[PDB]
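First the structure, in the form of structure tokens, and then the observations on it.
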2 protein chains.
Amino acid sequence: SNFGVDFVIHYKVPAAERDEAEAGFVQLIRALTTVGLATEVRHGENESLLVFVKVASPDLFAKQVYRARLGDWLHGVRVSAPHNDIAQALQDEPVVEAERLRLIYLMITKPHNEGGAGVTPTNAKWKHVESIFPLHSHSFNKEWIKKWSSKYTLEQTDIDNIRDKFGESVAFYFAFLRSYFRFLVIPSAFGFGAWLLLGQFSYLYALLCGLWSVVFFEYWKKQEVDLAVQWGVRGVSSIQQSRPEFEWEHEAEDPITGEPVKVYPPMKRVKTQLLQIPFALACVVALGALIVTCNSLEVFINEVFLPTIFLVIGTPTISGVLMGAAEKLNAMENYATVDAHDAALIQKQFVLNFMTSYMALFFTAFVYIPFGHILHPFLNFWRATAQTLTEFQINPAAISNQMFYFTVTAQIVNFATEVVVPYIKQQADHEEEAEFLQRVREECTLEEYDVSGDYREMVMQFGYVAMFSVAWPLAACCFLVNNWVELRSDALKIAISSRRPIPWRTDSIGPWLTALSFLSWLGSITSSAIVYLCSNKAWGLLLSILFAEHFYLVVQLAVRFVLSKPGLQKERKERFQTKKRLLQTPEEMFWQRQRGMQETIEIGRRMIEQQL
Amino acid sequence: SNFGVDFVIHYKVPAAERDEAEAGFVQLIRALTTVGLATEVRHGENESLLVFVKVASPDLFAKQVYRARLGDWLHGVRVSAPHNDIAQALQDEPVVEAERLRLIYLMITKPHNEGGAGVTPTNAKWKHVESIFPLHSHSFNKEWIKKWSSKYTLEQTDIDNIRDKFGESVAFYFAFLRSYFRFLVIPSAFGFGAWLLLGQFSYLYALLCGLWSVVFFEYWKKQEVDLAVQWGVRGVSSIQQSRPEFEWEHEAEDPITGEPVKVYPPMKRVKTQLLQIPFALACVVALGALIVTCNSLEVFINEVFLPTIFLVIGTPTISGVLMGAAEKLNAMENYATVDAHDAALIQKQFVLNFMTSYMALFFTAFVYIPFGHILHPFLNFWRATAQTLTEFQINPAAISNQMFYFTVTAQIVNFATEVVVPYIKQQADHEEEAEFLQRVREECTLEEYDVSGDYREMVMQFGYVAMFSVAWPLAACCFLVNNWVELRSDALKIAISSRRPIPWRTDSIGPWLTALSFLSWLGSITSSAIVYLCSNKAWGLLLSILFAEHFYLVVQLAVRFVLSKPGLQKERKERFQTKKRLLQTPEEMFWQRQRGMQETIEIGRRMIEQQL
Ligand SMILES: [Ca+2]
Ligand SMILES: [Ca+2]
Ligand SMILES: [Ca+2]
Ligand SMILES: [Ca+2]
């Protein structure tokens, strides 16, 4: 439905600095025109000038895509270079929309040293440029949402459509979510089969959960490389993309393969990097104190679960401000590549969300149950406060109720915040095309969509399954429905409540693979510990931990060995085919006695005859 | 000193079947001549006919080496194909002796389908051919032994000489031995610094040994790939070399990249493969019974260490017969590739030698010390036997004496058997060249040298260091001297007491990498267990095991992370250099308003001016 547009830039302007903005606009448009993109300017809103661009000459676009395909080829991404004749390259393997959008964005963003015109709104003097974004297509979305909501199971072609259009990382996230939702059936079924017929806090369920977690992790790891090979996006993690916000002080010549490269003394970076530990300790101390007071108030009411519900409802705000502070801190220290910078924010975000999510259960299952004397002083303080306003309690198992109140009453709140609140906030010259202009203006005021949060939510849901499902086997039953709803909720959020993300290629899901392994390993211990501490000396607990951890390790080894036996065979066949295609006195006087071959047999026969 | 000879074949003949041997000899020589190798025949000993061959026409040899280099190139071994002009290929990168010997052997051994003439003495009717082997060079050995024995530390060039001449696997074994001997200094020094000033059975020593084992293993793993890249022998493990002794029943077409390939139903192979477990259990039961009686006799003398010494002296024979039985069993089941067959024999050999070496210490440190009531019945039986020939003993720590008697009195015996006994056994027409013929005849009666046993001995010495050095910190002190002696003892055994092995390329040391990791992991637990059980309830032992194992895991992770930061950079530079070398109504009526670029700036300026 769009007018053939490709990219839109905002370029807000000030009121007391309009003189300094006209020169910047002139420089920006002059740089943009030299690259070879067709541009147009239209009135925006609240001091904005929308700039719409696409590629003008298809010949230059073909040259650029050929150069990009070549550059991918020499980096090992491809295994078949294209011929130096642009007649079948876009015919046998036509360019997809995502690839064209990525190439246009790379041409717009890269500096002159590579073939582009650097207009990054952060590094250089482009302080007036707000954001560069592509446009949506309502015709595609109205059909996609209905098609996805009118079915039950998503086939491979449904994910391939998102890969073709919406990019690569989004496709990987959706494939991972679909695979995880499909795999969640087994723990759901075998927890429903143990919640009604296998007593409470069964020991078999913990081992079964550990085995299922290992199997799912390894199967997803295999399907990951399979999908990477299928989409031809394997090995892109090796490409070290640079960053525009990087800062340096001097250029250091590289002895081997030397081009001008910027460097940062590692000692200076570490001097700021180690600041994370004191900040993490200071934040976790305060959060633990808050949890302690909340649980003390909750247990005081037993002497006459509201504090737990209030804490769950109120923790999103503190989590958000702490996450914003962590994001701000990551900018204080500098990263050269964009992979390292993105792999460092994920670690901090995961640590913070883990400590703000699992610690409420940890302080109730591993602290209050073994020895509740720690909460004694808090109980006494609360009793004294209640008395001034005008004996011994032993909890049998509070983990069962807390897990239910942390799953059922938290999934609803999370879904409400994710869907309904944006839905409610969504209701808060001049020729015959102004509808498109109004749509564009309403599009640029939204927020850029990032897959980090959606990955984090699913990672921590998997953790909740891994380390705490033994206290409530019905958790997977609710999680199945929640994930089925989420598979369309996230699609809707992408479609209507967020601008279309810039397609970025990625081989893997990122550093989340290590997080899943760590969560599974820790769950393999915590589940058995909870089973022992709830089912009721101290010698047996360590033995149970031994059995659980070593069974987990043995299961991991066995599953790896089994799965060591797809797209790898197709790649090997292609490599073999291309290989076949490219395929097309003591010396002079010693053996002078026996020159030819015929007499040697005669000599041997004579030797045999004489031997007898 | 040799007469330019390259390979020697034996071809023994019978007395009642000489008629059937002449035809085989004629066929063998006819097949050999067609390939293009110069041959000669000389009288052997006890019904043998020595056949000496080398390459005849250097042009055919150049063609063969070019074809071999190409075939290596398309398999990813190389990163730079040679040009189709044989003028500088042997000049810039001249062929080494080992490569020429390997190529000649491959030409001799391979069937006609690849370019050779299959003369394997096992599969086909070549029942008369005994062995095909290359000849030594006494001039090289007399200098090499003296040079190695006249120095202290072996530099890289010394190993590179063996790589150039004696092959690849031998060079890898010698490099591994040198690196391990160099790394053994640290545990030796810090055990000498703890045997005199840190009491007995120190807890710090176990953690230090675990850390040293992890560091050495990871450093060797890095140096392994470094040496593989340096020698240009990286990735050869991917090449699946076939086997001549393989048997099949029919040929199954391969759908993808289909050439005639022989197959074996996996169920039939497994039906014989699972027989290992009952055999292993039956052998370990008998060996454990023998150990139990030996230790009972040893402890009975205390009521008035000879049985331990007798058992150590007598165990080589039982180990040898059991190893021969295991080798015979491996032939009963069939393996297609030569890598899988060699990787299966190593597992059985390692398991057998582990159970015949470490179990004597295991039954004394983990069974008798915690509860000696198991040896009660044996003590009573021995006492009854002694009485018929015509109260309670608690051992404080017998592991300290047993470790000394299993190290000092076993290294001497092993060295004697390895060196002195072969030395003693070494003293047990007709023109002016018969000295060479006598040397050749005395050469072919020796035994083929294999690096499996030398790898196994060092692996189990490393195990003894890993899991039992805490009971005797001076073990590394003796092991340093033993390894320094062995570094020349094995070279001498190769030089004089064994025929020159056929040079076989190998990227890695083999499956021994997993064995080292398993030994280190098990030692990280056993050392702490011994420390607790010797230093003196049952609750603390599991906690100590927790601390030891998790410290080992954390140290492994930290060392891997540290070492993640050589030849890989050189390979990347070569790849970059070769890459650089190969490098050289709603549409028509919308933007028709703003065709060029000059008027767009004017329009934007007018919009800005009107906006205010
Ligand atoms: Ca949600
Ligand atoms: Ca979500
Ligand atoms: Ca020896
Ligand atoms: Ca040896």
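What the table shows:
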read-out: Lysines whose Cα lies under 29 Å from that of B:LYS147, excluding same-chain neighbours fewer than 8 positions away; value: B:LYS165, B:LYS221, B:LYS222, B:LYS425, B:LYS493
read-out: All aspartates and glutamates inside 15 Å of A:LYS268 as judged from Cα atoms, apart from same-chain residues fewer than 8 positions distant; value: A:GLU247, A:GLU249, A:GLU333
read-out: Residues B:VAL51, A:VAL413 arranged by fewest to most Cβ contacts within 10 Å; value: A:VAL413, B:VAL51
read-out: Computed label-point distance, nm, for sites A:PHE279 and A:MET607 using a 7 Å Cα→Cβ extension; value: 8.4 nm
read-out: B:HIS83, A:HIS43 arranged by Cβ crowding within 10 Å, fewest neighbours leading; value: B:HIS83, A:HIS43
read-out: Spin-label pair B:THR257/A:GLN347, simplified geometry with 7 Å Cα→Cβ offset, distance in nm; value: 3.9 nm
read-out: Cα gyration tensor shape of the protein assembly as shown, rounded if a/c is under 1.5, else prolate or oblate by comparing a/b with b/c; value: oblate
read-out: For q = 0.10, 0.11, 0.19 Å⁻¹, Debye-computed log10 I/I(0) when each Cα of the range B:505-612 counts as one equal scatterer; value: -0.64, -0.68, -1.07
read-out: Cα pair count fraction exceeding 45 Å, expressed as % - chain A; value: 34 percent
read-out: Net charge of Cβ neighbours under 15 Å - reference A:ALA117; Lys, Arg +1; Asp, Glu -1; value: +2
read-out: Relative exposure of A:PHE201, B:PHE3, A:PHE392, judged by other C-beta atoms within 10 Å (fewest first); value: A:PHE392, B:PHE3, A:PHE201
read-out: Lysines with Cα under 18 Å of B:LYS151, excluding same-chain neighbours fewer than 8 positions away; value: B:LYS142
read-out: Stokes-Einstein D for the range A:190-244, Kirkwood Rh over Cα pairs, 20 °C, 1.002 mPa s (µm²/s); value: 146 µm²/s
read-out: The range B:4-65-the range A:458-530 distance, computed between alpha-carbon centres (Å); value: 69 Å
read-out: Nitroxide proxy distance, nm - points 7 Å out along Cα→Cβ at B:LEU196 and B:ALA325; value: 4.8 nm
read-out: Pairs of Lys in the range B:7-135 closer than 22 Å at Cα, counting only those 8 or more apart or on different chains; value: 9
read-out: Dipole of the protein assembly as shown [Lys/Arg +1, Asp/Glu -1 at C-beta], most positive-end residue of A:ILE145, B:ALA397, A:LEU329; value: B:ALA397
read-out: Between the range A:338-387 and the range A:263-287, the Cα center-to-center distance that results, in Å; value: 21 Å
read-out: Computed over the range B:15-167, Kirkwood Rh from alpha-carbon pairs, angstrom; value: 18.5 Å
read-out: Separation of alpha-carbon centers, the range B:560-612 and the range B:200-232, rounded to whole Å; value: 48 Å
read-out: Whole-Å semi-axes of the ellipsoid equivalent to the range B:335-384 (Cα gyration tensor, √5λ, descending); value: 39, 12, 7
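Bear in mind that the values in this text are calculations on the coordinates, not laboratory data. All Cβ positions, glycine included, derive from the backbone under ideal geometry; neighbour counts span all protein chains shown.
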